[PDB]
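Enquirer: My structure file entry_21.cif, mmCIF, N, CA and C atoms, is below:
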```cif
data_entry
loop_
_atom_site.label_atom_id
_atom_site.label_comp_id
_atom_site.auth_asym_id
_atom_site.auth_seq_id
_atom_site.Cartn_x
_atom_site.Cartn_y
_atom_site.Cartn_z
N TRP A 495 0.82 -1.21 0.00
CA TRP A 495 0.00 0.00 0.00
C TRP A 495 0.86 1.26 0.00
N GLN A 496 1.86 1.31 0.88
CA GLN A 496 2.71 2.50 0.96
C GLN A 496 3.52 2.69 -0.31
N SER A 497 4.04 1.60 -0.87
CA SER A 497 4.77 1.69 -2.12
C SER A 497 3.87 2.21 -3.23
N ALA A 498 2.63 1.73 -3.29
CA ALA A 498 1.69 2.21 -4.30
C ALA A 498 1.38 3.68 -4.11
N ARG A 499 1.23 4.12 -2.86
CA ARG A 499 0.99 5.53 -2.60
C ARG A 499 2.15 6.37 -3.11
N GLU A 500 3.38 5.95 -2.80
CA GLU A 500 4.55 6.69 -3.26
C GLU A 500 4.63 6.69 -4.78
N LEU A 501 4.31 5.56 -5.40
CA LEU A 501 4.36 5.46 -6.85
C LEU A 501 3.35 6.39 -7.51
N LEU A 502 2.12 6.42 -6.99
CA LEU A 502 1.11 7.33 -7.51
C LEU A 502 1.42 8.78 -7.18
N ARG A 503 2.22 9.02 -6.14
CA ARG A 503 2.69 10.37 -5.87
C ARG A 503 3.69 10.81 -6.93
N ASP A 504 4.66 9.96 -7.24
CA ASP A 504 5.70 10.35 -8.19
C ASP A 504 5.16 10.39 -9.62
N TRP A 505 4.28 9.46 -9.96
CA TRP A 505 3.88 9.28 -11.36
C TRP A 505 3.33 10.55 -11.98
N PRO A 506 2.41 11.28 -11.35
CA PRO A 506 1.99 12.56 -11.94
C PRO A 506 3.14 13.52 -12.17
N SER A 507 4.11 13.56 -11.25
CA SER A 507 5.30 14.36 -11.47
C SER A 507 6.06 13.87 -12.69
N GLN A 508 6.18 12.55 -12.84
CA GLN A 508 6.82 11.99 -14.02
C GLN A 508 6.10 12.43 -15.29
N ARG A 509 4.77 12.31 -15.30
CA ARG A 509 4.00 12.77 -16.45
C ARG A 509 4.16 14.27 -16.65
N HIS A 510 4.14 15.04 -15.56
CA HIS A 510 4.25 16.49 -15.67
C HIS A 510 5.56 16.89 -16.33
N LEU A 511 6.66 16.25 -15.95
CA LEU A 511 7.98 16.63 -16.43
C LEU A 511 8.40 15.90 -17.70
N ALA A 512 7.67 14.86 -18.11
CA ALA A 512 8.03 14.15 -19.34
C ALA A 512 7.91 15.06 -20.56
N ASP A 513 6.83 15.84 -20.63
CA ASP A 513 6.62 16.69 -21.80
C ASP A 513 7.73 17.72 -21.97
N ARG A 514 8.46 18.04 -20.90
CA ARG A 514 9.51 19.04 -20.97
C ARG A 514 10.76 18.55 -21.68
N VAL A 515 10.86 17.26 -22.01
CA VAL A 515 12.06 16.76 -22.67
C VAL A 515 12.29 17.50 -23.98
N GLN A 516 11.25 17.58 -24.82
CA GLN A 516 11.41 18.25 -26.11
C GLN A 516 11.72 19.73 -25.93
N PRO A 517 10.95 20.49 -25.14
CA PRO A 517 11.38 21.87 -24.85
C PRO A 517 12.78 21.93 -24.27
N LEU A 518 13.13 20.98 -23.41
CA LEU A 518 14.50 20.89 -22.93
C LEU A 518 15.46 20.58 -24.07
N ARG A 519 15.05 19.73 -25.01
CA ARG A 519 15.94 19.34 -26.10
C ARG A 519 16.40 20.56 -26.90
N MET A 520 15.45 21.37 -27.36
CA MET A 520 15.83 22.60 -28.05
C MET A 520 16.59 23.53 -27.12
N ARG A 521 16.25 23.52 -25.84
CA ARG A 521 16.96 24.38 -24.89
C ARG A 521 18.45 24.05 -24.87
N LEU A 522 18.79 22.77 -24.76
CA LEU A 522 20.20 22.39 -24.73
C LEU A 522 20.85 22.54 -26.09
N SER A 523 20.11 22.31 -27.18
CA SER A 523 20.69 22.57 -28.49
C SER A 523 21.14 24.02 -28.59
N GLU A 524 20.24 24.94 -28.22
CA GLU A 524 20.58 26.37 -28.25
C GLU A 524 21.70 26.69 -27.27
N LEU A 525 21.63 26.13 -26.06
CA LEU A 525 22.63 26.41 -25.05
C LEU A 525 24.01 25.93 -25.48
N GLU A 526 24.08 24.75 -26.10
CA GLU A 526 25.35 24.21 -26.54
C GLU A 526 25.88 24.95 -27.76
N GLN A 527 24.99 25.40 -28.65
CA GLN A 527 25.44 26.28 -29.72
C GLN A 527 26.02 27.57 -29.15
N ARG A 528 25.36 28.13 -28.14
CA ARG A 528 25.88 29.30 -27.45
C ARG A 528 27.24 29.02 -26.84
N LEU A 529 27.39 27.85 -26.21
CA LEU A 529 28.66 27.50 -25.59
C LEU A 529 29.75 27.31 -26.64
N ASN A 530 29.40 26.73 -27.79
CA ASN A 530 30.36 26.64 -28.88
C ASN A 530 30.82 28.02 -29.31
N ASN A 531 29.87 28.95 -29.45
CA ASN A 531 30.24 30.32 -29.81
C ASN A 531 31.11 30.96 -28.74
N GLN A 532 30.79 30.71 -27.47
CA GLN A 532 31.59 31.25 -26.37
C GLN A 532 33.01 30.70 -26.40
N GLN A 533 33.14 29.39 -26.62
CA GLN A 533 34.46 28.78 -26.72
C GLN A 533 35.23 29.36 -27.89
N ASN A 534 34.57 29.54 -29.03
CA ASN A 534 35.23 30.13 -30.18
C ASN A 534 35.69 31.55 -29.88
N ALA A 535 34.84 32.33 -29.23
CA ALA A 535 35.20 33.70 -28.88
C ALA A 535 36.39 33.73 -27.93
N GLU A 536 36.39 32.85 -26.93
CA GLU A 536 37.51 32.79 -25.99
C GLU A 536 38.79 32.40 -26.71
N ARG A 537 38.71 31.39 -27.57
CA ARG A 537 39.88 30.95 -28.32
C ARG A 537 40.43 32.07 -29.18
N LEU A 538 39.55 32.79 -29.88
CA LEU A 538 39.99 33.87 -30.75
C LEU A 538 40.56 35.04 -29.96
N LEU A 539 39.95 35.35 -28.81
CA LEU A 539 40.49 36.37 -27.92
C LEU A 539 41.92 36.03 -27.54
N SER A 540 42.14 34.81 -27.04
CA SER A 540 43.49 34.39 -26.69
C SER A 540 44.40 34.42 -27.91
N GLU A 541 43.87 34.02 -29.07
CA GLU A 541 44.66 34.00 -30.29
C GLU A 541 45.24 35.37 -30.59
N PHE A 542 44.40 36.41 -30.51
CA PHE A 542 44.90 37.75 -30.79
C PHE A 542 45.76 38.29 -29.65
N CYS A 543 45.44 37.93 -28.40
CA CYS A 543 46.10 38.56 -27.26
C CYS A 543 47.60 38.66 -27.43
N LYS A 544 48.22 37.72 -28.14
CA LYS A 544 49.66 37.72 -28.32
C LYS A 544 50.11 38.36 -29.63
N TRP B 495 -15.90 14.66 -3.75
CA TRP B 495 -14.82 13.68 -3.86
C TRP B 495 -14.04 13.83 -5.16
N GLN B 496 -14.75 14.00 -6.28
CA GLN B 496 -14.07 14.16 -7.56
C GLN B 496 -13.23 15.43 -7.57
N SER B 497 -13.78 16.52 -7.02
CA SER B 497 -13.02 17.76 -6.94
C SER B 497 -11.79 17.59 -6.07
N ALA B 498 -11.91 16.85 -4.96
CA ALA B 498 -10.76 16.62 -4.10
C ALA B 498 -9.68 15.83 -4.82
N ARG B 499 -10.08 14.79 -5.55
CA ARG B 499 -9.10 14.00 -6.30
C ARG B 499 -8.42 14.86 -7.36
N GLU B 500 -9.19 15.70 -8.05
CA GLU B 500 -8.60 16.61 -9.03
C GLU B 500 -7.63 17.58 -8.37
N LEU B 501 -8.00 18.11 -7.20
CA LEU B 501 -7.14 19.05 -6.50
C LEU B 501 -5.83 18.40 -6.10
N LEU B 502 -5.90 17.18 -5.56
CA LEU B 502 -4.68 16.49 -5.15
C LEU B 502 -3.89 15.98 -6.34
N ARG B 503 -4.52 15.85 -7.51
CA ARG B 503 -3.75 15.64 -8.73
C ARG B 503 -3.03 16.92 -9.14
N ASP B 504 -3.68 18.07 -8.95
CA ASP B 504 -3.06 19.34 -9.28
C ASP B 504 -1.86 19.62 -8.39
N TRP B 505 -1.98 19.30 -7.10
CA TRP B 505 -0.93 19.66 -6.15
C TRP B 505 0.45 19.17 -6.57
N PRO B 506 0.62 17.91 -7.00
CA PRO B 506 1.93 17.51 -7.56
C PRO B 506 2.40 18.43 -8.67
N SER B 507 1.57 18.63 -9.69
CA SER B 507 1.95 19.50 -10.79
C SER B 507 2.19 20.92 -10.30
N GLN B 508 1.34 21.41 -9.41
CA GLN B 508 1.44 22.79 -8.96
C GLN B 508 2.82 23.08 -8.38
N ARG B 509 3.26 22.27 -7.42
CA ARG B 509 4.54 22.52 -6.77
C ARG B 509 5.69 22.36 -7.76
N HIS B 510 5.65 21.29 -8.56
CA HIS B 510 6.75 21.03 -9.49
C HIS B 510 6.93 22.18 -10.47
N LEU B 511 5.83 22.69 -11.02
CA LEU B 511 5.94 23.78 -11.98
C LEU B 511 6.27 25.10 -11.30
N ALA B 512 5.73 25.32 -10.09
CA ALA B 512 6.06 26.54 -9.36
C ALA B 512 7.55 26.60 -9.03
N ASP B 513 8.19 25.44 -8.87
CA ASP B 513 9.63 25.43 -8.66
C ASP B 513 10.38 26.02 -9.85
N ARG B 514 9.74 26.10 -11.02
CA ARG B 514 10.40 26.51 -12.25
C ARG B 514 10.52 28.03 -12.39
N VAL B 515 9.96 28.81 -11.47
CA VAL B 515 9.84 30.25 -11.65
C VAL B 515 11.20 30.89 -11.89
N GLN B 516 12.09 30.81 -10.91
CA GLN B 516 13.34 31.56 -10.96
C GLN B 516 14.19 31.24 -12.18
N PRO B 517 14.45 29.98 -12.53
CA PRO B 517 15.19 29.71 -13.77
C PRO B 517 14.56 30.38 -14.98
N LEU B 518 13.23 30.41 -15.04
CA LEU B 518 12.56 31.09 -16.14
C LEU B 518 12.76 32.60 -16.08
N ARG B 519 12.96 33.16 -14.89
CA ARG B 519 13.16 34.60 -14.78
C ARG B 519 14.44 35.04 -15.48
N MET B 520 15.54 34.33 -15.23
CA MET B 520 16.79 34.66 -15.91
C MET B 520 16.66 34.43 -17.41
N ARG B 521 15.94 33.39 -17.81
CA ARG B 521 15.69 33.16 -19.23
C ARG B 521 14.95 34.33 -19.84
N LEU B 522 13.94 34.84 -19.13
CA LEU B 522 13.19 36.00 -19.62
C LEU B 522 14.09 37.21 -19.75
N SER B 523 14.95 37.43 -18.75
CA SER B 523 15.87 38.57 -18.82
C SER B 523 16.78 38.45 -20.04
N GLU B 524 17.36 37.27 -20.23
CA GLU B 524 18.24 37.04 -21.38
C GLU B 524 17.49 37.29 -22.68
N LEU B 525 16.27 36.77 -22.79
CA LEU B 525 15.50 36.93 -24.01
C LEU B 525 15.15 38.40 -24.24
N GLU B 526 14.91 39.14 -23.16
CA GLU B 526 14.66 40.57 -23.27
C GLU B 526 15.88 41.30 -23.81
N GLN B 527 17.07 40.98 -23.29
CA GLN B 527 18.28 41.60 -23.84
C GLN B 527 18.46 41.22 -25.30
N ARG B 528 18.16 39.97 -25.65
CA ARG B 528 18.20 39.57 -27.05
C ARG B 528 17.31 40.46 -27.90
N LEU B 529 16.06 40.65 -27.47
CA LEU B 529 15.15 41.50 -28.23
C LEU B 529 15.68 42.92 -28.33
N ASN B 530 16.22 43.45 -27.23
CA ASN B 530 16.76 44.81 -27.24
C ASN B 530 17.86 44.93 -28.28
N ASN B 531 18.79 43.98 -28.29
CA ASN B 531 19.85 43.99 -29.29
C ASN B 531 19.27 43.87 -30.69
N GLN B 532 18.21 43.08 -30.85
CA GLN B 532 17.57 42.96 -32.16
C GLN B 532 17.07 44.32 -32.64
N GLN B 533 16.36 45.05 -31.77
CA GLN B 533 15.88 46.37 -32.17
C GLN B 533 17.04 47.32 -32.43
N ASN B 534 18.09 47.27 -31.61
CA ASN B 534 19.23 48.15 -31.83
C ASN B 534 19.85 47.90 -33.21
N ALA B 535 20.10 46.63 -33.53
CA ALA B 535 20.69 46.30 -34.82
C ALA B 535 19.77 46.71 -35.97
N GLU B 536 18.47 46.44 -35.83
CA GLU B 536 17.52 46.81 -36.87
C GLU B 536 17.52 48.31 -37.11
N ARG B 537 17.48 49.08 -36.02
CA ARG B 537 17.50 50.54 -36.14
C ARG B 537 18.78 51.00 -36.84
N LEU B 538 19.94 50.55 -36.35
CA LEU B 538 21.20 50.97 -36.95
C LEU B 538 21.25 50.63 -38.43
N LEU B 539 20.80 49.43 -38.79
CA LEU B 539 20.71 49.04 -40.19
C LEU B 539 19.86 50.03 -40.96
N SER B 540 18.69 50.38 -40.42
CA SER B 540 17.80 51.30 -41.12
C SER B 540 18.47 52.66 -41.33
N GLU B 541 19.10 53.20 -40.28
CA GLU B 541 19.69 54.53 -40.43
C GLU B 541 20.82 54.50 -41.45
N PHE B 542 21.67 53.47 -41.40
CA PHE B 542 22.73 53.40 -42.40
C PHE B 542 22.16 53.27 -43.80
N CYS B 543 21.25 52.32 -44.00
CA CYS B 543 20.70 52.05 -45.32
C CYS B 543 19.86 53.21 -45.83
N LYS B 544 19.51 54.16 -44.98
CA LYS B 544 19.04 55.45 -45.47
C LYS B 544 20.20 56.38 -45.79
N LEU C 891 30.16 31.87 -18.20
CA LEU C 891 30.53 30.58 -17.64
C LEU C 891 29.31 29.93 -16.99
N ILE C 892 28.16 30.09 -17.65
CA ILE C 892 26.92 29.51 -17.14
C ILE C 892 27.09 28.01 -16.94
N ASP C 893 27.66 27.34 -17.94
CA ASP C 893 27.91 25.90 -17.88
C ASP C 893 26.65 25.14 -17.46
N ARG C 894 25.49 25.71 -17.76
CA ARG C 894 24.23 25.07 -17.42
C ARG C 894 23.92 23.88 -18.31
N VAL C 895 24.66 23.71 -19.41
CA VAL C 895 24.39 22.60 -20.32
C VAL C 895 24.44 21.28 -19.58
N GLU C 896 25.34 21.15 -18.60
CA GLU C 896 25.36 19.96 -17.77
C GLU C 896 24.06 19.82 -16.99
N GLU C 897 23.59 20.92 -16.40
CA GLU C 897 22.34 20.88 -15.64
C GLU C 897 21.17 20.50 -16.54
N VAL C 898 21.11 21.12 -17.73
CA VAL C 898 20.03 20.80 -18.66
C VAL C 898 20.11 19.34 -19.08
N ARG C 899 21.32 18.82 -19.26
CA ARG C 899 21.48 17.42 -19.63
C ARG C 899 21.00 16.49 -18.53
N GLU C 900 21.29 16.84 -17.27
CA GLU C 900 20.76 16.05 -16.16
C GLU C 900 19.24 16.09 -16.15
N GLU C 901 18.67 17.26 -16.41
CA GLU C 901 17.22 17.38 -16.49
C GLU C 901 16.66 16.49 -17.59
N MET C 902 17.33 16.46 -18.74
CA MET C 902 16.91 15.56 -19.81
C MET C 902 17.00 14.11 -19.39
N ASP C 903 18.09 13.72 -18.74
CA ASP C 903 18.21 12.34 -18.29
C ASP C 903 17.03 11.97 -17.40
N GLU C 904 16.75 12.82 -16.41
CA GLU C 904 15.63 12.56 -15.51
C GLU C 904 14.31 12.49 -16.26
N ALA C 905 14.07 13.44 -17.17
CA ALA C 905 12.76 13.54 -17.80
C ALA C 905 12.54 12.43 -18.82
N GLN C 906 13.58 12.09 -19.59
CA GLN C 906 13.48 10.96 -20.50
C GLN C 906 13.33 9.65 -19.75
N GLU C 907 13.99 9.51 -18.60
CA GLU C 907 13.76 8.33 -17.78
C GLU C 907 12.32 8.28 -17.29
N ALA C 908 11.77 9.43 -16.92
CA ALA C 908 10.37 9.48 -16.51
C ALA C 908 9.44 9.07 -17.65
N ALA C 909 9.71 9.56 -18.86
CA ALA C 909 8.90 9.18 -20.01
C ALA C 909 9.01 7.69 -20.30
N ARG C 910 10.23 7.14 -20.19
CA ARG C 910 10.42 5.72 -20.40
C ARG C 910 9.64 4.91 -19.36
N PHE C 911 9.65 5.35 -18.10
CA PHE C 911 8.87 4.67 -17.08
C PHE C 911 7.38 4.78 -17.36
N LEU C 912 6.94 5.94 -17.86
CA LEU C 912 5.54 6.10 -18.23
C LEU C 912 5.15 5.08 -19.30
N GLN C 913 6.00 4.92 -20.31
CA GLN C 913 5.74 3.90 -21.33
C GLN C 913 5.76 2.50 -20.72
N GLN C 914 6.69 2.25 -19.80
CA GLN C 914 6.88 0.91 -19.26
C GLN C 914 5.70 0.48 -18.40
N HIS C 915 5.20 1.37 -17.55
CA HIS C 915 4.21 1.01 -16.53
C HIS C 915 3.01 1.94 -16.54
N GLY C 916 2.77 2.67 -17.63
CA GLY C 916 1.64 3.57 -17.67
C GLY C 916 0.32 2.86 -17.47
N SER C 917 0.12 1.75 -18.19
CA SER C 917 -1.14 1.01 -18.07
C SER C 917 -1.31 0.45 -16.66
N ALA C 918 -0.24 -0.10 -16.09
CA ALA C 918 -0.33 -0.68 -14.75
C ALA C 918 -0.72 0.37 -13.73
N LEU C 919 -0.10 1.55 -13.79
CA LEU C 919 -0.42 2.61 -12.85
C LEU C 919 -1.86 3.08 -13.03
N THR C 920 -2.32 3.18 -14.28
CA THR C 920 -3.69 3.59 -14.54
C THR C 920 -4.68 2.57 -13.98
N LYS C 921 -4.38 1.28 -14.10
CA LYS C 921 -5.27 0.27 -13.54
C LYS C 921 -5.20 0.25 -12.02
N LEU C 922 -4.06 0.63 -11.44
CA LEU C 922 -3.92 0.64 -9.99
C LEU C 922 -4.60 1.84 -9.34
N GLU C 923 -4.57 3.00 -10.01
CA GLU C 923 -4.99 4.23 -9.34
C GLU C 923 -6.45 4.24 -8.88
N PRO C 924 -7.41 3.58 -9.55
CA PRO C 924 -8.80 3.68 -9.08
C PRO C 924 -9.15 2.75 -7.93
N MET C 925 -8.35 1.72 -7.67
CA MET C 925 -8.62 0.77 -6.59
C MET C 925 -7.37 0.57 -5.75
N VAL C 926 -6.71 1.67 -5.39
CA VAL C 926 -5.48 1.57 -4.61
C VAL C 926 -5.79 1.14 -3.18
N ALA C 927 -6.94 1.57 -2.66
CA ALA C 927 -7.23 1.38 -1.24
C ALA C 927 -7.18 -0.09 -0.84
N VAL C 928 -7.39 -1.00 -1.78
CA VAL C 928 -7.42 -2.42 -1.45
C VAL C 928 -6.10 -2.86 -0.83
N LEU C 929 -4.99 -2.27 -1.25
CA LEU C 929 -3.69 -2.69 -0.75
C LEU C 929 -3.61 -2.57 0.77
N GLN C 930 -4.41 -1.69 1.37
CA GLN C 930 -4.41 -1.55 2.82
C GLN C 930 -5.11 -2.70 3.52
N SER C 931 -5.86 -3.53 2.80
CA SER C 931 -6.65 -4.60 3.40
C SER C 931 -6.22 -5.94 2.79
N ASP C 932 -5.54 -6.75 3.59
CA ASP C 932 -5.08 -8.08 3.20
C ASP C 932 -6.03 -9.13 3.74
N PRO C 933 -6.53 -10.07 2.91
CA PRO C 933 -7.60 -10.99 3.35
C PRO C 933 -7.53 -11.49 4.79
N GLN C 934 -6.45 -12.15 5.19
CA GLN C 934 -6.36 -12.61 6.58
C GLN C 934 -6.40 -11.42 7.54
N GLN C 935 -5.72 -10.33 7.17
CA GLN C 935 -5.79 -9.12 7.96
C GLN C 935 -7.20 -8.57 8.05
N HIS C 936 -8.10 -8.94 7.14
CA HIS C 936 -9.50 -8.55 7.32
C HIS C 936 -10.12 -9.26 8.52
N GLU C 937 -9.80 -10.53 8.73
CA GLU C 937 -10.30 -11.24 9.91
C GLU C 937 -9.66 -10.70 11.18
N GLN C 938 -8.34 -10.53 11.16
CA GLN C 938 -7.67 -9.92 12.32
C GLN C 938 -8.22 -8.52 12.57
N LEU C 939 -8.61 -7.83 11.50
CA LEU C 939 -9.22 -6.52 11.58
C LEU C 939 -10.58 -6.57 12.28
#
```
Could you write out this structure as structure tokens?

Expert:
Amino acid sequence: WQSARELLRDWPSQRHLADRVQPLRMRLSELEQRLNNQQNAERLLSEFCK
Amino acid sequence: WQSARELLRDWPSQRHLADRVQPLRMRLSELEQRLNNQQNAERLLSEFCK
Amino acid sequence: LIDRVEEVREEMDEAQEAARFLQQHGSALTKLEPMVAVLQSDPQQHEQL
């Protein structure tokens, strides 16, 4: 009974947050593109510094 | 009884999504700066191209 | 130096695992949710009750 209660407690949260995978997917795609640009900018900054 | 079950179904989702506020706030700020830069670039383009 | 990509990736791991569990046991949980109360009453425990 207690395990079932805990499972039914978590499950709606699981359903609630499952849909966010795709919004998260584009989020990380954009974030990692941003990080690539940041790494490129840092590399080029150091490149010129000398 | 049905309303109570619906309410206690909402409570899981309610707390989980309410936890999302602050991360979304910084996202909103970033997106606002993005829009501001968009308008700045568009304006500058217009003035030059005139 | 946001480095949030790691955090977002952890969120994806958790959320995709949640979706996989939904696929794995969605029907079972749906069948359990309307008659959960029975688990509190075990036949012999009904007599002891």

Enquirer: One number please: atom C of residue 904 (chain C) to atom N of residue 520 (chain A), in Å, one decimal.

Expert: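 Those two atoms sit 14.3 Å apart.
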
Enquirer: Name the residues that the PyMOL selection byres ((chain B) within 8 of (chain A)) picks from the file above, as a ChimeraX atom specification, using the file's chain letters and numbers.

Expert: /B:503,506-507,510-511

Enquirer: RMSD over all C-alpha atoms, chain B superposed on chain A in order?

Expert: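 It comes to 0.6 Å after superposition.
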
Enquirer: Considering only C-alpha atoms, extract the chain A residues located within 8 Å of chain C and return them as a list in words.

Expert: residues 495, 498, 499, 502, 505, 508, 509, 511, 512, 513, 514, 515, 518, 519, 521, 522, 525, 526 and 529 of chain A

Enquirer: In Å, how far is it from CA of residue 524 (chain B) to CA of residue 517 (chain A)?

Expert: 17.0 Å

Enquirer: Mind giving me the straight-line distance from CA of residue 932 (chain C) to atom N of residue 917 (chain C) in Å, one decimal?

Expert: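 Here the two named atoms are 24.1 Å from each other.
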
Enquirer: From a DSSP pass on the backbone, collect the residues of chain C flagged as alpha helix (DSSP H) and hand them back as number ranges by chain.

Expert: C: 895-922, 933-938

Enquirer: Selected residues, N, CA and C atoms, written as a tab-separated table (two decimals), keeping the file's coordinate frame, please.

Expert:
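File written: selection05.tsv
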```tsv
chain	number	residue	atom	x	y	z
C	895	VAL	N	24.66	23.71	-19.41
C	895	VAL	CA	24.39	22.60	-20.32
C	895	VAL	C	24.44	21.28	-19.58
C	896	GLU	N	25.34	21.15	-18.60
C	896	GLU	CA	25.36	19.96	-17.77
C	896	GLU	C	24.06	19.82	-16.99
C	897	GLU	N	23.59	20.92	-16.40
C	897	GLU	CA	22.34	20.88	-15.64
C	897	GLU	C	21.17	20.50	-16.54
C	898	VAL	N	21.11	21.12	-17.73
C	898	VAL	CA	20.03	20.80	-18.66
C	898	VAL	C	20.11	19.34	-19.08
C	899	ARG	N	21.32	18.82	-19.26
C	899	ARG	CA	21.48	17.42	-19.63
C	899	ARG	C	21.00	16.49	-18.53
C	900	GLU	N	21.29	16.84	-17.27
C	900	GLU	CA	20.76	16.05	-16.16
C	900	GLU	C	19.24	16.09	-16.15
C	901	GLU	N	18.67	17.26	-16.41
C	901	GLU	CA	17.22	17.38	-16.49
C	901	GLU	C	16.66	16.49	-17.59
C	902	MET	N	17.33	16.46	-18.74
C	902	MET	CA	16.91	15.56	-19.81
C	902	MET	C	17.00	14.11	-19.39
C	903	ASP	N	18.09	13.72	-18.74
C	903	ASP	CA	18.21	12.34	-18.29
C	903	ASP	C	17.03	11.97	-17.40
C	904	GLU	N	16.75	12.82	-16.41
C	904	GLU	CA	15.63	12.56	-15.51
C	904	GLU	C	14.31	12.49	-16.26
C	905	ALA	N	14.07	13.44	-17.17
C	905	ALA	CA	12.76	13.54	-17.80
C	905	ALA	C	12.54	12.43	-18.82
C	906	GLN	N	13.58	12.09	-19.59
C	906	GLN	CA	13.48	10.96	-20.50
C	906	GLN	C	13.33	9.65	-19.75
C	907	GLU	N	13.99	9.51	-18.60
C	907	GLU	CA	13.76	8.33	-17.78
C	907	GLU	C	12.32	8.28	-17.29
C	908	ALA	N	11.77	9.43	-16.92
C	908	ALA	CA	10.37	9.48	-16.51
C	908	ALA	C	9.44	9.07	-17.65
C	909	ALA	N	9.71	9.56	-18.86
C	909	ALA	CA	8.90	9.18	-20.01
C	909	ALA	C	9.01	7.69	-20.30
C	910	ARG	N	10.23	7.14	-20.19
C	910	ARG	CA	10.42	5.72	-20.40
C	910	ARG	C	9.64	4.91	-19.36
C	911	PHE	N	9.65	5.35	-18.10
C	911	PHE	CA	8.87	4.67	-17.08
C	911	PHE	C	7.38	4.78	-17.36
C	912	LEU	N	6.94	5.94	-17.86
C	912	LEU	CA	5.54	6.10	-18.23
C	912	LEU	C	5.15	5.08	-19.30
C	913	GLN	N	6.00	4.92	-20.31
C	913	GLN	CA	5.74	3.90	-21.33
C	913	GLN	C	5.76	2.50	-20.72
C	914	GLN	N	6.69	2.25	-19.80
C	914	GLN	CA	6.88	0.91	-19.26
C	914	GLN	C	5.70	0.48	-18.40
C	915	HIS	N	5.20	1.37	-17.55
C	915	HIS	CA	4.21	1.01	-16.53
C	915	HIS	C	3.01	1.94	-16.54
C	916	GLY	N	2.77	2.67	-17.63
C	916	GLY	CA	1.64	3.57	-17.67
C	916	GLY	C	0.32	2.86	-17.47
C	917	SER	N	0.12	1.75	-18.19
C	917	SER	CA	-1.14	1.01	-18.07
C	917	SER	C	-1.31	0.45	-16.66
C	918	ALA	N	-0.24	-0.10	-16.09
C	918	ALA	CA	-0.33	-0.68	-14.75
C	918	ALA	C	-0.72	0.37	-13.73
C	919	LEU	N	-0.10	1.55	-13.79
C	919	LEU	CA	-0.42	2.61	-12.85
C	919	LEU	C	-1.86	3.08	-13.03
C	920	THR	N	-2.32	3.18	-14.28
C	920	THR	CA	-3.69	3.59	-14.54
C	920	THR	C	-4.68	2.57	-13.98
C	921	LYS	N	-4.38	1.28	-14.10
C	921	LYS	CA	-5.27	0.27	-13.54
C	921	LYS	C	-5.20	0.25	-12.02
C	922	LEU	N	-4.06	0.63	-11.44
C	922	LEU	CA	-3.92	0.64	-9.99
C	922	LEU	C	-4.60	1.84	-9.34
C	933	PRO	N	-6.53	-10.07	2.91
C	933	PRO	CA	-7.60	-10.99	3.35
C	933	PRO	C	-7.53	-11.49	4.79
C	934	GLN	N	-6.45	-12.15	5.19
C	934	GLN	CA	-6.36	-12.61	6.58
C	934	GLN	C	-6.40	-11.42	7.54
C	935	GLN	N	-5.72	-10.33	7.17
C	935	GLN	CA	-5.79	-9.12	7.96
C	935	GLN	C	-7.20	-8.57	8.05
C	936	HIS	N	-8.10	-8.94	7.14
C	936	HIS	CA	-9.50	-8.55	7.32
C	936	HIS	C	-10.12	-9.26	8.52
C	937	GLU	N	-9.80	-10.53	8.73
C	937	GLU	CA	-10.30	-11.24	9.91
C	937	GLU	C	-9.66	-10.70	11.18
C	938	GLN	N	-8.34	-10.53	11.16
C	938	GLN	CA	-7.67	-9.92	12.32
C	938	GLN	C	-8.22	-8.52	12.57
```

Enquirer: For region 920-926 of chain C, supply N, CA, C and O atoms and report the output as a CSV table (one decimal), in the frame of the given file.

Expert:
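Printed below is result-v5.csv as written:
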```
chain,number,residue,atom,x,y,z
C,920,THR,N,-2.3,3.2,-14.3
C,920,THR,CA,-3.7,3.6,-14.5
C,920,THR,C,-4.7,2.6,-14.0
C,920,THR,O,-5.7,3.0,-13.4
C,921,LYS,N,-4.4,1.3,-14.1
C,921,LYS,CA,-5.3,0.3,-13.5
C,921,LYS,C,-5.2,0.2,-12.0
C,921,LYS,O,-6.2,-0.1,-11.4
C,922,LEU,N,-4.1,0.6,-11.4
C,922,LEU,CA,-3.9,0.6,-10.0
C,922,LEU,C,-4.6,1.8,-9.3
C,922,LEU,O,-5.2,1.7,-8.2
C,923,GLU,N,-4.6,3.0,-10.0
C,923,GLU,CA,-5.0,4.2,-9.3
C,923,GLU,C,-6.4,4.2,-8.9
C,923,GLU,O,-6.7,4.9,-7.9
C,924,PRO,N,-7.4,3.6,-9.6
C,924,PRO,CA,-8.8,3.7,-9.1
C,924,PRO,C,-9.2,2.8,-7.9
C,924,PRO,O,-10.2,3.0,-7.3
C,925,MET,N,-8.4,1.7,-7.7
C,925,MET,CA,-8.6,0.8,-6.6
C,925,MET,C,-7.4,0.6,-5.8
C,925,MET,O,-7.0,-0.6,-5.4
C,926,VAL,N,-6.7,1.7,-5.4
C,926,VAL,CA,-5.5,1.6,-4.6
C,926,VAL,C,-5.8,1.1,-3.2
C,926,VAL,O,-5.0,0.4,-2.5
```
